[PDB]
Structure formats: structure tokens, C-alpha cells
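Read through the structure below, which is laid out as C-alpha cells, and then see the notes.
In what follows, chains are A, B, ... by sequence order, proteins preceding strands, each numbered from 1.
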There are 2 protein chains.
Amino acid sequence: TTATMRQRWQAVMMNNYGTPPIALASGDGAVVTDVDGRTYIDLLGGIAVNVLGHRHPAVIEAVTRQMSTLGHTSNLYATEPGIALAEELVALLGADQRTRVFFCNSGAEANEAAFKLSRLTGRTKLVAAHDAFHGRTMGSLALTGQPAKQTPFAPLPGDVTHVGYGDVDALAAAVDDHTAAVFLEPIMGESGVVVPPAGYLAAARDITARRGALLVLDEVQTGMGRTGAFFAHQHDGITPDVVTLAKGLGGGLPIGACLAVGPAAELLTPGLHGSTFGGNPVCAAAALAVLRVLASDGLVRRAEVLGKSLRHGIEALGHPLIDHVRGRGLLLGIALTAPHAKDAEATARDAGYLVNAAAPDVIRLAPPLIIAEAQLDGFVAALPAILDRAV
Amino acid sequence: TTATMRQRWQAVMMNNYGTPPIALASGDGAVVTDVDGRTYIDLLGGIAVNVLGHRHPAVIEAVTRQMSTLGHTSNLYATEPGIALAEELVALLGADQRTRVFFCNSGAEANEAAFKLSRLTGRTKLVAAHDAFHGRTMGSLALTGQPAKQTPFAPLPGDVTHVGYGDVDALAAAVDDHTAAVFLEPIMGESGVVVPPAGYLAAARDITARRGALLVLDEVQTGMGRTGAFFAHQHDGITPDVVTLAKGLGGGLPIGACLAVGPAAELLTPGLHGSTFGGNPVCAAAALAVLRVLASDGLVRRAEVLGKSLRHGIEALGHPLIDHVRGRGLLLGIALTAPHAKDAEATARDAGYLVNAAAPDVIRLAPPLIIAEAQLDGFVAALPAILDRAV
């Protein structure tokens with residue numbers, strides 16, 4: 001039962017998440033089942049992680065095959081899956097200069113690697129955006145622009161200046177010849193699927209390039225083809241100096257990556273960084289499978305098509321509680337006219353849909369890329385009642 | 001070929017590890033095979049991670065079963081394997097007070113969690129040991145006692161004082177009523193399997209208790225029964241406030257944990273920490289299988305027995321290059337009378353054995369706990385020629 005599982009949680013887990021309201025038992029595709037037998041359509045994908053849903057045969061085959069071949073070895077040894085995965089990610093980035101890859105286990109670790117890269121420029125000033133989320137480790141938490149999550153842990157590593165997201169003049173004013181790097185999400189996910197103004201990422205690329213600063217794009221949430229290009233920044237035709245990936249990279253298995261382009265790719269020399277589990281064969285094999293399915297099933301182009309019809313469908317409702325829909329592909333935010341997103345999260349759950357109240361007035365969707373249009377259509381048809389009940 | 005694999009590595013990988021000298025293709029138990037078909041006895045376990053070796057049936061079964069049931073969900077949802085793993089780990093720690101668990105993906109992340117815990121004491125001063133290794137992210141790197149690895153990324157999070165490992169009075173002088181926490185490895189692994197004097201951890205527990213500081217024990221490398229007790233600190237009859245685990249926790253799959261005891265277990269409140277992949281069902285299922293096998297096959301006791309026999313056999317060789325053997329159970333250092341450990345690593349490789357030059361004069365062993373006594377016997381008999389060729 002759900003009550004017993006929550007009691008077991010509260011007896012042993014640290015309370016850094018609160019107590020989960022539901023206990024999940026099984027999942028298949030975009031449908032999960034709780035321990036009481038209720039089914040839910042998963043419009044959140046474990047916070048954009050389950051790009052291929054649950055029990056995808058290609059991921060299961062890749063992981064089972066690799067476990068029965070060769071597991072963890074450490075980076076004292078070269079192994080094929082990590083090398084092939086690095087090759088595939090470099091090809092997908094499509095940069096004009098040599099690109100090199102560092103693997104790790106999480107988005108926070110990927111941004112820690114980028115943070116350390118920034119130190120090797122000889123500069124210590126960093127710029128990020130108010131409300132950005134880059135991770136919860138000491139370095140990535142300094143880049144995160146969420147004071148409630150930072151203040152109890154001060155002092156954090158320096159020297160970070162936060163500016164308004166999407167404000168070109170504010171960014172130009174903050175970046176100078178002492179700036180090691182600028183960190184930006186192409187769409188701010190955790191804060192409410194905040195999409196920047198047209199031209200902003202191109203401006204950021206120009207500002208940083210003129211000032212000798214690295215441009216680091218955090219694609220941990222916007223990557224893996226979710227927005228209809230493999231990297232969301234590719235919609236703007238720019239090439240950053242550093243890109244970080246995690247979440248959906250492994251289809252559920254823990255893996256992150258830091259990609260560095262041109263001179264930034266040579267900053268890390270032997271002995272200056274590492275991670276025991278980074279690039280291990282099983283997790284890399286999972287990520288290779290995800291890339292293969294994305295390509296074979298055309299799921300990147302599909303995410304744009306599904307995301308456009310979903311966005312159109314929500315706006316066509318004309319519900320008075322919805323101010324606007326924003327985002328791109330299958331990263332979508334329903335911005336509300338009143339702070340009822342947490343209530344709508346609960347009433348969606350009553351209706352069999354898993355969504356996220358990313359802000360008091362924003363409902364975030366990040367469904368599996370294998371989700372059926374029919375399942376999305378069903379959510380849109382259910383949404384007027386969900387929102388009515390929310391108030 | 002090995003040359004082709006190394007050439008591919010050098011074309012795509014960041015150079016933070018250098019280029020691995022061999023490329024591994026498969027593994028089974030304590031034997032790994034490179035891309036040219038050569039087999040090696042794995043006396044390092046991918047740096048103490050492969051506790052049950054490669055292709056352990058129990059781990060394969062747990063992972064394949066869980067992948068076909070429910071994958072990643074995030075901590076927005078309660079799931080059985082993580083709760084069960086937290087229960088099992090709290091049982092193995094056996095603390096008198098309530099113990100709570102936080103899951104993450106790595107040793108660095110587990111010590112980052114402990115670092116953030118220490119902030120919630122209201123103090124910002126921290127103490128660690130010269131040459132200690134606690135990870136390579138910005139917070140854990142501040143704790144790591146290696147100035148050569150810290151200097152290029154300064155400034156690091158503060159305020160950390162380092163003292164000589166095993167020195168009771170240096171520790172007592174450094175710990176005061178402003179000290180948030182003391183971080184110690186029960187045996188310093190990465191620096192050369194450095195064992196502290198008798199009573200030292202007990203003194204650290206008394207010093208921290210009298211000054212109101214947390215004692216944090218990093219069991220990332222010394223845990224998982226490797227030393228003949230599940231946690232190495234249990235040989236000393238102390239209970240720390242915080243314990244961190246990773247490496248072998250998942251038998252190969254990436255998972256780490258921070259355990260906190262008593263008042264320290266209540267410091268983290270909702271929203272103050274998290275990790276997207278932490279506690280995910282597949283890695284937790286793997287870790288549960290490792291715990292089951294350690295218990296059912298009596299591998300903790302076996303580690304002590306085999307470790308004693310191994311140490312005795314190396315010291316019986318009477319080889320002039322061997323000063324002494326130190327460590328406990330199956331974490332061993334061969335301390336040499338001259339700095340030939342790096343050369344001995346290569347000549348051991350020629351003889352078909354994977355070992356680690358942890359220091360210029362220390363060969364580190366951390367074999368799978370399922371290693372065959374005959375595989376160890378063969379290593380001991382081969383060691384004289386390995387060392388002779390090294391010189």
C-alpha cells in the first residue's frame with residue numbers, strides 16, 4: 001500500500017525531498033502504476049530523464065548485453081562504449097573545431113567539470129542567470145541562481161554574478177576581461193520553462209567571444225532532442241565553448257557529460273580531473289542505445305511536431321486560468337493567471353496525469369519522446385476540468 | 001587492436017586521465033580480457049569498485065529484473081529498491097540513534113552532501129588530512145588534501161584546515177568550537193593505503209564530540225566489507241555522525257550514499273538538497289544484490305581471512321624491494337624500499353596482473369571479494385620476478 005511505503009520512507013530517508021505523495025511499483029512506456037494499482041500517464045518523464053519511457057527494449061538489450069560482456073573498469077583502461085558515445089556526441093554537436101568529452105554521473109557533476117574548466121582560463125569571475133538551475137553540489141550550487149537553495153550553505157565558491165535571464169544589456173555589462181565563463185540554460189527548466197527572447201543566445205555568444213569568456217550551455221534538461229534539435233542551442237545557430245548533458249542522456253541510467261570545443265577542449269591535462277564511474281561501459285551502452293533509437297525512430301523531429309500540436313491544443317482551449325503556453329518541442333510550460341500550479345498538479349494526479357508545478361504559476365511538462373499523440377490529446381481534453389478543480 | 005582503440009580515445013576524450021595503456025574488451029569474475037585477447041587477473045577491481053567482480057549473476061539478475069519492472073522515477077515518487085537499500089544500510093551501520101540516508105551517484109557527491117550537512121551546523125570551519133582523497137568536485141576537492149590537484153582551481157569552498165594523518169595532537173589543535181566537521185578516511189586509499197595508528201579514529205571521535213564538531217568518515221573505498229567489517233570504522237568501536245559510501249556500493253553501477261546519525265540526520269529539510277538520479281531503482285537494486293551476496297556467501301569474513309593470508313605470503317617472500325605490507329582485509333598496500341611502484345605496475349601488467357601504483361613507492365591492491373585463493377597465490381609467486389624486472 002501507499003501508506004506503508006510512505007511510512008517506510010519517513011523512517012529511513014533524509015527529509016531533503018519531503019515525503020513523496022505516491023509510491024510507484026511499475027512502468028511501461030509512458031504509463032506508470034502505483035503500489036495501489038492506479039495507472040498514470042507520465043507527462044514529466046522523471047523530470048525529463050525518461051526520454052524513451054520505461055522498459056524500452058533497446059535500452060534493456062544494451063544494458064543486459066553490456067553487463068554480460070564487461071562492467072565498470074575505471075578510466076585507467078580504455079573501453080569501447082564510452083569512446084563510441086563520445087564520438088557520437090561530438091558528431092551530434094557538429095562543431096567546426098576539435099571537441100573533447102569528459103564523462104561523469106550527473107548534471108551537477110557535468111557543471112562541476114565545466115566550473116573547473118573555467119578556472120583553467122586564469123579567471124575566477126563567473127556569470128549566470130537569476131533563477132537558473134545548474135545543480136546542488138558546492139560548485140554547481142554557486143552557479144545556480146536560487147538564493148533559497150544557496151543561503152544555508154554559504155559561503156559558496158566564487159566569484160559569481162547573477163543577471164536577469166534574457167536581458168542582453170545586463171549580460172554585456174556583467175561580462176568583462178576578468179570573466180572566466182558565462183553559464184546559461186537555453187530554456188530555464190526548473191524555474192518554469194522560461195524561454196529567452198529571440199537573439200539572446202546569439203548575443204551571449206558574441207559578448208563572451210569578444211571578452212575572452214567561455215560560453216557554457218547547460219543542456220542537461222533541454223538536450224537529448226527534446227526541443228526538436230538534439231541540442232536546443234542549435235535552433236539559434238551558435239556553437240558554445242562548453243556544453244553539459246545529463247538527465248535523459250542515459251535513458252534513465254546515471255550518466256552526464258561535459259563537451260568542450262576548440263581551445264577549451266585542451267584545458268584539462270592529465271591528473272587535473274576525474275570521476276571513478278565516469279564513462280563506464282553499462283551506462284555508456286545505455287546512452288548509445290538512446291542515441292540509436294532517437295535517430296532510427298526520428299524522435300527529435302517528432303518532438304517538434306508533437307510539441308507544436310500540444311501547444312496549439314492547450315491554447316485552443318481558451319481556459320481563463322492559462323495566461324500562455326511556452327517552451328519548445330516536448331519541454332512545455334503552462335503559465336497560469338493565478339498561483340494554482342501546485343493545486344493543478346494534484347488534480348492532474350487525480351485525473352491520472354503526472355505533471356510538475358515548477359513555479360507557483362507554472363505547470364511543467366517533459367514527457368517521454370515516445371509518448372503517443374493520443375496520450376497528449378487526452379491530457380488536453382482533460383485539462384479544462386483539471387484546471388477548474390484546481391481553483 | 002589496442003593501437004586503434006587508444007587512437008580513438010586520443011581523438012575524442014579529454015586528456016584529464018592521460019591515455020590508458022590498455023583497452024579492455026570483456027570481464028568475468030576477477031579476470032578481464034583486452035582487445036587483443038590477453039587476460040589479466042584483476043587485483044584492483046577498477047579501483048575497489050568491482051566487489052563481486054564482472055558478470056556476477058546476482059547483480060545481473062537484479063538489474064535485468066528491475067529494468068523490466070520500473071526504471072528511473074526521480075524522488076518525486078517513492079520506490080521500493082531505494083527504501084529497502086536505505087533500510088539495509090542503516091541496519092549494517094548499527095548506530096544507537098536514528099540514522100537517515102541520502103542517495104547520490106558518486107563518492108564526490110556523497111561527500112558534497114556531507115559538506116552541505118556540515119554547513120547546517122552553523123559553522124564553516126572544516127578539518128581534513130594531508131594527502132586525503134575525498135573527490136574532485138569543488139566541495140569535495142576542498143576536502144581532498146592534495147595541493148597539486150587543488151591549486152589550479154583555487155579558490156575552493158572554505159574554510160578547510162589540513163593536518164597530518166594519524167597525528168592526535170595536530171588534530172586536537174586544529175579542531176575548535178568553530179569547527180563544523182572533521183573528514184577522515186579510516187585508511188587513506190588513494191595516497192597509498194595509509195593506516196592510522198591504533199586509537200586514532202577513537203581519538204578523532206572524542207575530539208570532535210568534546211568540541212561540538214561532526215565526525216565524517218569517508219568509507220567510499222574502505223567500505224563494502226573490504227576490510228573484514230562492513231564499515232572499516234566498525235573495527236574501532238566508534239559511531240561517527242556521518243558516513244559516506246560509493247565505489248563498490250553498486251557492484252559496478254553508479255551509486256553513492258550519505259548516512260547521518262542522530263541530530264545530523266535531521267539537518268536536511270525539504271528542498272535543501274537533492275540529486276536527480278539518486279536512489280533510482282536500477283542502481284539500488286544492484287546495490288541490494290551486492291549486500292545479499294556479501295551476507296549469503298560470507299564475503300566479509302573471507303576478505304579478512306584472505307587478506308591475512310595474502311599479507312603473510314607477500315611478506316614471506318623476503319624480497320629486498322618490499323619494506324612492509326599494510327592495510328586490512330582486501331585493501332592492501334605493498335610499501336617498497338625504493339620508488340619503483342610505477343615500473344612494477346607495468347611489469348605486473350606484463351605478467352598478467354592489474355595493480356595500482358598509488359604512490360611512487362606503494363603498490364595498491366583492492367581485488368574483488370570473490371577472487372580465487374589460487375589467483376592470489378599465483379600473484380604472490382609471480383611478485384619476485386615482477387619486482388626484479390621493475391628494477
Side-chain angles (χ1 to χ4, degrees), chain A residues 21-22 24 26-34 37-54 56 187 189 192-193 195 221-222 224-228 248 299 302-391, chain B residues 72-74 76-77:
Chain A
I22 73 185
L24 288 179
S26 61
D28 196 5
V31 178
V32 292
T33 305
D34 73 14
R38 309 189 193 75
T39 63
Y40 307 78
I41 289 164
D42 181 14
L43 299 186
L44 190 53
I47 319 169
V49 168
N50 290 324
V51 56
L52 295 191
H54 293 269
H56 197 284
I187 296 166
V193 191
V195 173
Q221 193 171 155
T222 58
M224 305 308 297
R226 180 163 296 280
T227 71
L299 298 178
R302 183 168 186 271
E304 209 137 62
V305 165
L306 286 184
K308 192 185 231 303
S309 62
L310 175 66
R311 176 169 183 145
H312 283 356
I314 298 173
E315 272 163 350
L317 299 173
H319 194 284
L321 202 73
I322 297 172
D323 194 71
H324 59 283
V325 183
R326 60 200 195 210
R328 191 161 195 164
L330 288 175
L331 184 65
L332 191 147
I334 305 174
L336 311 179
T337 60
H340 295 295
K342 196 69 175 172
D343 291 337
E345 183 186 278
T347 70
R349 194 155 65 233
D350 292 338
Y353 295 98
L354 301 180
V355 305
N356 167 245
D361 63 334
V362 180
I363 300 160
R364 165 173 51 166
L365 315 180
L369 266 52
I370 50 85
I371 193 136
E373 203 199 355
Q375 289 165 318
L376 294 174
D377 291 337
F379 171 73
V380 174
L383 191 55
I386 283 168
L387 293 172
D388 286 349
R389 293 176 55 228
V391 189
Chain B
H72 167 85
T73 65
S74 81
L76 295 174
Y77 315 89

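Looking only at side-chain heavy atoms (C-beta outward), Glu345(A) and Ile363(A) stay at 4.5 Å or farther from each other. Within the 4.5 Å cutoff, no side-chain heavy atoms of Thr73(B) are placed close to those of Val32(A). The shortest distance between side-chain heavy atoms of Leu376(A) and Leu330(A) falls below 4.5 Å. The shortest distance between side-chain heavy atoms of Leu44(A) and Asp42(A) falls below 4.5 Å. Using a 4.5 Å heavy-atom cutoff, the side chains of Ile334(A) and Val193(A) are not in contact. Annotation: side chain of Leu299(A) is not in contact with side chain of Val51(A) (no heavy-atom distance under 4.5 Å).
Heavy atoms only, all atoms of each residue included: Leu321(A) and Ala338(A) are closest at CD1-CB, 4.4 Å. Between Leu369(A) and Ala303(A), the closest heavy-atom pair is CG-CB, 4.2 Å. When all heavy atoms are compared, the tightest approach of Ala366(A) to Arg226(A) is C-NH1, 3.2 Å. Residue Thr227(A) comes nearest to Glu304(A) through the heavy atom pair O-OE2, 2.8 Å, listed as atom of the first residue, atom of the second, then distance. When every heavy atom of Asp28(A) is checked against every heavy atom of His54(A), the shortest pair comes out as N-CB, 3.7 Å. Of all heavy-atom pairs spanning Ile371(A) and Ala30(A), the tightest one is CD1-CB, 4.0 Å.
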message = Determine whether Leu310(A) and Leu365(A) satisfy the following criterion, side chain to side chain contact (heavy atoms under 4.5 Å, CB included), listing intermediate values before the conclusion.
response = CA-CA 10 Å; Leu310(A) 175 66; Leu365(A) 315 180; 4.0 Å; yes
query = Can you check side chain to side chain contact (heavy atoms under 4.5 Å, CB included) on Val31(A) and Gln375(A), steps first, answer last?
reply = CA-CA 10 Å; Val31(A) 178; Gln375(A) 289 165 318; 3.7 Å; yes
request  = Go through the steps to decide whether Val195(A) and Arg328(A) satisfy the test side chain to side chain contact (heavy atoms under 4.5 Å, CB included), and finish with yes or no.
outcome  = CA-CA 8 Å; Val195(A) 173; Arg328(A) 191 161 195 164; 5.8 Å; no
task = Determine, step by step, whether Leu383(A) and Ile322(A) satisfy the side chain to side chain contact (heavy atoms under 4.5 Å, CB included) criterion, reporting the C-alpha distance in whole Å, the side-chain angles of both residues, the deciding distance to 0.1 Å, and the verdict.
result = CA-CA 10 Å; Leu383(A) 191 55; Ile322(A) 297 172; 4.1 Å; yes
N/O donor to acceptor pairs below 3.5 angstrom from side-chain atoms of residues 346-357 of chain A, sequence neighbours left out:
from	atom 1	to	atom 2	distance (Å)
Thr347(A)	OG1	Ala344(A)	O	3.4
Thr347(A)	OG1	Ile386(A)	O	2.8
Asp350(A)	OD2	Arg389(A)	NH2	2.5
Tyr353(A)	OH	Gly378(A)	O	3.2
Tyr353(A)	OH	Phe379(A)	N	3.4
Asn356(A)	OD1	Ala358(A)	N	3.4
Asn356(A)	OD1	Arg364(A)	NE	2.9
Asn356(A)	OD1	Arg364(A)	NH2	2.9

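Listed by chain and number, the residues in a side chain to side chain donor-acceptor pair (under 3.5 Å) with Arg326(A) are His324(A) (sequence neighbours excluded). The salt bridge (charged side-chain N to carboxylate O under 4.0 Å, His left out) test applied to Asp343(A) returns no partner, not counting sequence neighbours.
A distance of 7.5 Å separates CG in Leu24(A) from OH in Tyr40(A), rounded to the nearest 0.5 Å. With rounding to the nearest 0.5 Å, the separation of CD in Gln221(A) from CD1 in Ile47(A) is 8.0 Å.
Looking only at atom types and distance, the side chain of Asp388(A) has a donor-acceptor partner in the side chain of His319(A) under 3.5 Å away.
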